[PDB]
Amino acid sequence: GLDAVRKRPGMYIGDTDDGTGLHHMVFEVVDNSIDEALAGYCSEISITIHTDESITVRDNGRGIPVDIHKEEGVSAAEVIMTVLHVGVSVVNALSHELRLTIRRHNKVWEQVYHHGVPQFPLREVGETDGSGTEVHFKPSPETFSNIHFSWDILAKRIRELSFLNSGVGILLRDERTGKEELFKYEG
């Protein structure tokens, strides 16, 4: 259960005061998009740093499957966001607010969590021509002490992701400063 994760966070995410754990949250999310790239269905990832020190990750993969998962009773998406046994549930648990948006089967689905707790089941909220998964999460002040993300640190590790996963283009955007960079390795 997520209760333990919130109770002793450094054990799961990394040090919660020096920025290590805080930045791991971003790459905990991003790695799922990378897995989808390794499978061959994701070519584009974008990471946005918001003025309120929240983070948005978005990929262009197949979208998380949304049909009802019967060992739980809830959408598989909700399962993946709320149960593990690091995963993306760790990020969810340690987030004040987190919005999940899935584009799949030409439909748009979303769900909102508060500290890893679903506010409504995955619901359909529109039509789309795109596909992929988007995640917007705000690190909990109850967990991390100095919430400020570093362009430099995110930039560095993204450059390496880009370098190691040829053919994936990764867009980094900081709305605090308006810096913007697309890392794609085609040299």
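Between two forms, the rigid core is the largest collection of C-alphas that superpose within 1.5 Å. Throughout, we count residues from 1 along the sequence that is shown.
Trainee: Any chance you could tell me whether 11-19 or 160-168 drifts more in 4 other deposited structures of this protein, judged by RMS CA distance from this form after superposing on the core?
Mentor: Result of the core-fitted comparison in 4 other deposited structures of this protein: 160-168 deviates more.
Trainee: Taking RMS over all structures and residues, which stretch has CA atoms farther from the shown form in 4 other deposited structures of this protein, 43-51 or 61-69, after a rigid core fit?
Mentor: When 43-51 and 61-69 are compared in 4 other deposited structures of this protein, the bigger C-alpha shift is seen for 61-69.
Trainee: Can you count the deposited residues that have no coordinates between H85 and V86 and report it as none, 1 to 3, 4 to 9, or 10 or more?
Mentor: The entry leaves 10 or more residues without coordinates here.
Trainee: State which stretch shows the higher mean Cα B factor in the entry: 68-76 or 108-116.
Mentor: Here the higher of the two C-alpha B-factor means belongs to 68-76.
Trainee: Averaged over C-alpha atoms, is the B-factor higher for 173-181 or for 7-15 in this PDB entry?
Mentor: It is 7-15.
Trainee: Name the one of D152, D35, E28, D129 with the greatest CA B-factor according to the PDB entry.
Mentor: Answer, based on the entry's C-alpha B-factors: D129.
Trainee: Of the options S145, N60, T56, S162, which has the highest CA B factor as deposited?
Mentor: Comparing C-alpha B-factors across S145, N60, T56, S162, the top value belongs to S145.
Trainee: Please rank the C-alpha B-factors of the chain's modelled residues and tell me whether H136 sits in the lowest, middle or highest third.
Mentor: Answer is lowest: the recorded C-alpha B-factor places it there.
Trainee: C-alpha B factor of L122, ranked within the chain: lowest, middle or highest third?
Mentor: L122: CA B-factor falls in the middle third of its chain.
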